[PDB]
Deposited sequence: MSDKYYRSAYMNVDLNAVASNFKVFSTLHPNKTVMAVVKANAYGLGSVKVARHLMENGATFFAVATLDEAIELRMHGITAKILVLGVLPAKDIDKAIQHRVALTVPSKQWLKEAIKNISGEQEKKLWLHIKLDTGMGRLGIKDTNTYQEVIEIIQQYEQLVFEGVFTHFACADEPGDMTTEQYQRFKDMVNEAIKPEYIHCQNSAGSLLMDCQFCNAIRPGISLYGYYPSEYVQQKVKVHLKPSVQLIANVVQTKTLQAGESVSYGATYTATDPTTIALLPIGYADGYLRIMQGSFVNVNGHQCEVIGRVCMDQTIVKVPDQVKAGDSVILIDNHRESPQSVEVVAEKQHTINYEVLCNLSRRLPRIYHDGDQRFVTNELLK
């Protein structure tokens, strides 16, 4: 769709994303798969990912913020959408207006949300209650308070107790069941992320929340080792040589740098130039990376910096190890400046945020 004018880009394999989504629905054929497309689908492009997943049966998405929900709605996503973070109470009408479900983290928040609803928006307010079941970050910890909140919701016909959830293990899961069994059960009961949806069946819940594994990565090497399914990595990060120089070794200049999310710490990494592992030398610049190459490498040759294979020296996890971080952040680092080139069979289309 969009044009692009620099030879540096991500390939995003939508067939891989659909195939990983199908792993989850195949393994839990009686659960709603709430696809987590927060943070711009972990760097891949939430609008195009969410649209593709809807074309592959997805009916419920989760995002981190209301902006992320609205962005989906504005681009024709009609699926159910849950915001996982805490909406500012003043913005309540906007969530009601765009048919966006919200997370209830506390009784205080719910009381404030109610006070901010005017008569202007009159559609249902869909609510999922977040229980803190030990972990200790966002959510309601006491059963009594859980009951109070349900009672407040039932007071208002505009408010819907659509769901209840938590986030992680065995003891915590038991705590979740104990809290939830102390009250009427809502339509959606969910506690599993990617790891949970791969490791545990959890028959008590009727919906799951796979995030990173939809895009083809395990949340940890333990999960990768423990669970004997196959995920398809969806991302390649590619750049073409723009100039070669001899300075007894040839070097190649790539039009990509830390402003694209190829961080300075990548210096000393190896990248893939037509089959050859080539070291990244000298400082990674804002817009340029230098690679030590064999003498036959010329301007126009493609370089794989991130490859769509788990067992690869350019894999996301190896990139994460170089960055002293986790695969999640490597992907989130990839910046707006990179066109995303979506592959769906032999169909190819491009998002380029700079020309929107």
- Note on the structure: Comparing deposited sequence to modelled residues, the uncovered ranges are 1, 170-178, 258-273
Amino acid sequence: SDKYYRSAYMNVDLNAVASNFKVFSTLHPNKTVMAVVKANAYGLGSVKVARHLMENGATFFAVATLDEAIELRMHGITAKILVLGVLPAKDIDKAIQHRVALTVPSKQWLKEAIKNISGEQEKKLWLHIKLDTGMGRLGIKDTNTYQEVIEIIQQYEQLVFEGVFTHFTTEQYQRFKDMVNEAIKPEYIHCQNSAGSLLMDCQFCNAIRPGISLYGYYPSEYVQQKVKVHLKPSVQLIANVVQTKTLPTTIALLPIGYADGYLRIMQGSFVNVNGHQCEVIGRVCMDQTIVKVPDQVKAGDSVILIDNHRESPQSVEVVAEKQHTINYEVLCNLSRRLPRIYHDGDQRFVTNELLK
From here on, numbers count along this sequence of modelled residues.
- Query: Going by the B-factors listed in the PDB entry, is the mean over the C-alpha atoms higher for 309-317 or for 66-74?
  - Reply: 309-317
- Going by the entry, of stretches 261-269 and 170-178 the one with greater average Cα B-factor is 170-178
- Per the PDB entry, which option out of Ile251, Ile81, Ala239, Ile96 has the greatest Cα B factor? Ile251
- Item | Selection by C-alpha B-factor (highest) of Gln203, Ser106, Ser234, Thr103 | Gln203
- Taking the C-alpha B-factors as the PDB entry records them, is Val223 in the lowest, middle or highest third of its chain? middle
- Item | Third of the chain's Cα B-factor distribution that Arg336 belongs to, per the entry | middle
- Note on the structure: Of the three thirds of Cα B-factor ranks in this chain, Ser25 occupies the middle
- So where's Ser302 on the chain's Cα temperature factor ranking, which third? middle
- Task: Can you work out whether the C-alpha temperature factor of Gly85 puts it in the lowest, middle or highest third of the chain?
- Result: middle
